[PDB]
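Engineer: One structure coming up, written as structure tokens, with questions to follow.
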Amino acid sequence: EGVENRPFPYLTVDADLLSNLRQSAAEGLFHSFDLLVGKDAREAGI
Amino acid sequence: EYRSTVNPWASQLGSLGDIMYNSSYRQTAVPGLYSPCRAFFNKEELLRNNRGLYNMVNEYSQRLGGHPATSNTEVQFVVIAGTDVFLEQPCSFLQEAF
Amino acid sequence: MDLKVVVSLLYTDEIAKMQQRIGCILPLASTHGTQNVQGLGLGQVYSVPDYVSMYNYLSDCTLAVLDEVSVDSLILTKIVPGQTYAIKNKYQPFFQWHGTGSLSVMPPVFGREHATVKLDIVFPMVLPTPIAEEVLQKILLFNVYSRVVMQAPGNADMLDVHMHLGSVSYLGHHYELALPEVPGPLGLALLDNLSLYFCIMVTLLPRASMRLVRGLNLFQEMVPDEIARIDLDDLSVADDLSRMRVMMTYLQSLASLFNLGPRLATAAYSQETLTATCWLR
Amino acid sequence: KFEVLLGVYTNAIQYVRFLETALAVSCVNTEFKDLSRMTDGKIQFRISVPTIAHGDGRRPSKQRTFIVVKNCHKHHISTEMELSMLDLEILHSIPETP
Amino acid sequence: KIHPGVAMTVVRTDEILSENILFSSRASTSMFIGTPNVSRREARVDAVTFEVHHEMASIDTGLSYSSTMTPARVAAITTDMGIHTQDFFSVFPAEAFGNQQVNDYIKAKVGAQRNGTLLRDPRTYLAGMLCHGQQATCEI
Amino acid sequence: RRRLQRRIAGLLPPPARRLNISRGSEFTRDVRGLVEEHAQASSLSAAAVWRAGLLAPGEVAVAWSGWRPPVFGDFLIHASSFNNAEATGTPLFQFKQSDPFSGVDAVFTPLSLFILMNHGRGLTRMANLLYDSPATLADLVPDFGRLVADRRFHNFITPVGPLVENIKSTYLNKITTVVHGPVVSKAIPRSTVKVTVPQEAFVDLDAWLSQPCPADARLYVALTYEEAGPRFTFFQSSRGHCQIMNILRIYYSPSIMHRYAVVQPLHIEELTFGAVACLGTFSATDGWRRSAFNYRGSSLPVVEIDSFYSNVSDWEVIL
């Protein structure tokens, strides 16, 4: 909802930013996010 | 759960409290006074925070989210300037008086 | 550009009286570099005074907002229609200016001693345009309602014409006007012929309002009453022509004077420092 | 009998830098010389979530991946200083007098 | 001082001037400090007026909250937690009773129209628009 | 006598009004000095300030050309009265409030001023979409229906020129309007602002008549009192004010009959039928190019006056 999904080279940081994420996206801390479960969790077509 | 209200003269939708205190606050009102009951009686404020928890925590600190009083005056007025007026307020966050 | 005007002539009280009026404007005789004492405004025209000659002199010659006062010189800057200026309301009839209001330079009706510096530098009253037309109505109708009670005291009550004509209320500010109670008959005062110009305008008007609808529709004949419409129809043609010419001149000149003349236009007033960013318009 | 003056003092306005104070620990800075050109900034996180394999019969969440972006803010500040024209007509001249 | 048939329940509000503690973790946001720009914005014949500009653009580089702000100590309380009930004759000055002589009797028996100088927030009013501190407006 | 020669040596040279060129492809130093205009903003360092010529007295020159700088108006307004998603070049209308020391102003977009005209009885979709509550606009004016009835609404609204800069403030918004002068934007990259007036309110008067081609076609506003409420029509005309009042009486002659027919002027203050004022001059060749104003889901057609010179005047009554 305001997010693009391109096959970017994603820099691999080491932060613990998984903690309280699936509950934080449900309440709406993030203004715009895309949840990709299953086949959508892919480095998309160029 | 053993009763519906402790008074029906203000808790009802069209009661006496919703006669005299449930008024939609506007910045250009002709009295301009500050009523501390308007945080408890506004239907537009009791349903203002029905959005999710983190999106209430976000709008709690980011702005003067609802009904502040003017400090350093003689009588309490509701603010219109808001430039140097920084204050936080839990009474609109949780809707309970002490 | 060069905009300063250095008029050469003060002792300590006259200097200190000039310092209280160091920001307000005054009219200049000529748009030249070095001028003399007489060249400053309203000393040769307001010393019996009338509003029409002061208005003609004020719209005729150029104006200048003064800057500094020396022991012998008065360094003052003329105002041109090009660029913008900063003026201050340091006038003794105090009217609160607001932002983006047309300021009018009207000659002093509130007395000579209110706005003068007797060294005689007579400054003009710079007050906003709705207050200008309101005070002009409330001095003009006061002169009319004083002449009719010097003529016939049973017509108008003096206590009736001082409740309305002694109070101006623009934007909540209530102002009281210093009005002459004894103007004296046969003129000899301020506003004495402008109140007499209006009466010649009003008298020849129903003789001329019928003259155009006879000469030249149905909508224009319903809003007046019938009696003023069908009034005479028979007058001497040369006398009617003379009355028409005098009526037209005293219509056009009076209307150009009811336009307030030299009209400044402020943008940002600041009552913390009493300055208004104005320009000529 | 004279009027001595025993000194004419003034305060030295010490410079304050943002990178000299310790508020700059909480944010990493960058001199971006053309910021007014920028109309929208964006930073994009991709959080590939792991999952526990369960032996009890439950609806199993597959390989999830959150794509949350964060849009930049824009803060434009401006004060207003004044300078007399008499302090500029001398600045744009050349003097031959002490 | 006899009881009426009703029982009023007052509500006040109290300003508590606190002294807060702002924590903010290291390298939370990532600001983009632009360059300062001066712009002439008022050129009158007496004094030209410059308006310098500056633009920054912060962006948070974390996902959860990375700052917190608790009060530490009460510096003072500013409102007298007392009894100043606001009057509805200032809040609703258009409402009135039938008779005028009962109106100016009720407004004389209660403390009606005690002050009318300020009907809006004082800060908004320009320059030159009660000996105690800010009075907490009670509300029955 | 040589010091005075050195003084006049800086005061002699006028701006180059003409320049005999040989080729345009060479782009010489002289034609570059002819075309170059000094900027009103630069980076805050001594080199860029000295090269922009900001410290020069009266005008900008690195160290009279027809270019006068604009004078800006700064208005602290209620943030609920103004919508921040309006266009940059839109004319605003300050209401002279009745309270003596109010520090908050009351400005009005022609969309914001429209829902004063409606409530009490296209644009109305957009004017009701921008302002979800007209009751917070109806109490900015203390007595709107009273002031309209005795025909004193025109001398209480003064136009304050088009908007240029609007900082999005939360409680007490501050807006910047060019109250006189060249309507040019204030921004770090300087760009052009176009005066946006809504199309169903803007009525052209050169085409309503339908060989002398003048240079400047002035823009007029017209607060006129009708039976359905007052109206705000924006007139574009190439002729002077003495011509615009006569042609406005000619244009509104049926509406005077309508207002005399549907109500009767039983009082003396109902005689005035509106008043007009000049909002400023723009070029007649490229003016009033139509565009759109796209809000969230609806778009009203808008007319966009480019290269506007705001110069407002007092109201001239139409009768």
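Residue numbers (PDB author numbering), protein chains in the order written: chain S, 5 to 50; chain Z, 1235 to 1332; chain Y, 1 to 9, 13 to 50, 54 to 125, 131 to 227, 237 to 301; chain E, 51 to 148; chain X, 1037 to 1165, 1174 to 1184; chain U, 9 to 71, 82 to 139, 150 to 238, 256 to 364.
All C-beta atoms in this analysis are idealised placements derived from N, C-alpha and C, irrespective of residue type, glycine included.
Pick out whichever of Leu1280/Z, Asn1289/Z and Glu1278/Z has its Cα sitting closest to the Cα of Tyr1101/X.
Structural biologist: Checked all of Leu1280/Z, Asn1289/Z and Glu1278/Z; the closest Cα to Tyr1101/X is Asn1289/Z.
Engineer: If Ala19/S and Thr115/E are in contact, beta carbons under 8 Å, what's the gap, nearest whole angstrom?
Structural biologist: At roughly 16 Å, the Cβ-Cβ gap does not stay under 8 Å, so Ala19/S and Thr115/E are not in contact.
Engineer: Is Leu264/U closer than 7 Å to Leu157/U when the C-beta atoms are compared?
Structural biologist: Cβ atoms of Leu157/U and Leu264/U: not closer than 7 Å.
Engineer: What residues match up with residue 1197/X in a beta bridge as DSSP calls it?
Structural biologist: An answer regarding residue 1197/X cannot be provided, because it is not within the stretch 1037 to 1184 covered by chain X.
Engineer: Would you list the one or two residues that DSSP bridges to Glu81/E?
Structural biologist: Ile1069/X
Engineer: When you compare the CB of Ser1100/X with every CB in chain E, is at least one pair closer than 7 Å?
Structural biologist: no
Engineer: On the three-state DSSP scale, how would you describe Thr16/S?
Structural biologist: coil
Engineer: Figure out for me which residue from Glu144/Y, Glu241/Y, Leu29/Y and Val224/Y has the closest Cα to the Cα of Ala275/Y.
Structural biologist: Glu144/Y
Engineer: Taking Cβ to Cβ, would you say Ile350/U is nearer than 7 Å to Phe318/U?
Structural biologist: no
Engineer: Could you have a look at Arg304/U and say whether DSSP puts it in helix, strand or coil?
Structural biologist: helix
Engineer: Which residues of chain Y have a Cβ atom closer than 9 Å to the Cβ of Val1047/X, listed in chain order?
Structural biologist: Those do not exist, as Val1047/X stays about 34 Å from chain Y at its closest Cβ, beyond 9 Å.
Engineer: Closer than 9 Å, Cβ to any Cβ of chain Z: which residues of the segment 1142–1162 of chain X, in chain order?
Structural biologist: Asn1151, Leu1154, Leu1155, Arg1156, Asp1157, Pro1158, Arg1159 and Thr1160
Engineer: Can you find the residues in the same chain that come closer than 6 Å, C-beta to C-beta, to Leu202/Y, ignoring five residues on each side of it along the sequence?
Structural biologist: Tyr57, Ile150 and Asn154
Engineer: Pick from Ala235/U, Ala47/U, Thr278/U and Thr204/U: whose alpha carbon is nearest that of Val221/U?
Structural biologist: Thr204/U
Engineer: Using the beta-carbon of each residue, which ones in chain U are nearer than 7 Å to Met1165/X?
Structural biologist: Going along chain U in sequence order, the residues near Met1165/X (Cβ under 7 Å) are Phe119.
Engineer: May I ask you to list, following chain order, the residues of the segment 102–115 of chain U that have a beta carbon less than 8 Å from some beta carbon of chain Y?
Structural biologist: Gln112, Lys114 and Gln115
Engineer: Which bits of chain Z does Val122/U rub up against, with CB to CB less than 7 Å?
Structural biologist: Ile1314
Engineer: If contact means a Cβ-Cβ distance below 9 Å, which residues of the segment 1262–1273 of chain Z contact chain U?
Structural biologist: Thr1262, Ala1263 and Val1264
Engineer: Rounded to whole angstroms, how far is the Cβ of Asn136/U from the Cβ of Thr152/U, which I believe are closer than 8 Å?
Structural biologist: 6 Å
Engineer: Restricting to Cα atoms, I'd like to know which of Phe279/U, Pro87/U and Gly41/U is closest to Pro22/U.
Structural biologist: Per the Cα distances, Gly41/U.
Engineer: If we count the other Cβ atoms within 10 Å of its Cβ and call it buried at 16 or more, is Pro30/Y buried or exposed?
Structural biologist: buried
Engineer: Would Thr34/Y pass as a contact of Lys84/Y if the rule is Cβ separation under 7 Å?
Structural biologist: yes
Engineer: Could you spell out the range, first to last residue, of the alpha helix (DSSP H) harbouring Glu139/E?
Structural biologist: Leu136 to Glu139
Engineer: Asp137/E: buried (16+ other C-beta within 10 angstroms of its C-beta) or exposed?
Structural biologist: exposed
Engineer: The beta strand (DSSP E) that contains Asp261/U, what's its start and end?
Structural biologist: Taken as a continuous stretch (DSSP letters only), the beta strand (DSSP E) holding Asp261/U covers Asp261 to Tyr270.
Engineer: From residue 8/U to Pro55/Y, what does the alpha carbon distance come to, in whole angstroms?
Structural biologist: Nothing about residue 8/U can be read from this structure; chain U reaches only from 9 to 364.
Engineer: Tell me, please, whether the CB atom of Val1088/X is closer than 7 Å to any CB atom in chain U?
Structural biologist: Chain U contact via Cβ: present.
Engineer: I want to verify the contact list: residues of chain Y whose CB lies under 9 Å from the CB of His208/U, in sequence order.
Structural biologist: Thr90, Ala285, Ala287, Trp299 and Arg301
Engineer: Mind pulling the chain E residues with CB within less than 8 Å of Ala29/S?
Structural biologist: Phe116 and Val118
Engineer: Residues of chain X with CB closer than 8 Å to the CB of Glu132/E, please, in chain order.
Structural biologist: Chain-order list of chain X residues neighbouring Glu132/E: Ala1083, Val1084, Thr1085 and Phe1086, by C-beta distance under 8 Å.
Engineer: Around the Cβ of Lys120/E, are there at least 16 other Cβ atoms within 10 angstroms (buried) or fewer (exposed)?
Structural biologist: Classification of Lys120/E: buried, given that the 10 Å Cβ count is 16 or more.
Engineer: With a cut-off of 8 Å on the beta carbons, I'd call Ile142/Y and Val75/Y a contact; round off their distance for me.
Structural biologist: A Cβ-Cβ distance of about 28 Å is found for the pair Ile142/Y and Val75/Y, leaving them out of contact under the 8 Å criterion.
Engineer: For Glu315/U, which of helix, strand or coil comes out of DSSP?
Structural biologist: helix
Engineer: Roughly how many whole angstroms lie between the Cα atoms of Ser134/E and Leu190/Y?
Structural biologist: 42 Å
Engineer: I'd like to know whether the C-beta atoms of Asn356/U and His208/U end up nearer to each other than 7 Å.
Structural biologist: yes
Engineer: By a C-beta neighbour count over all protein chains shown, 10 Å radius and 16 as the cutoff for buried, is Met1067/X buried or exposed?
Structural biologist: buried
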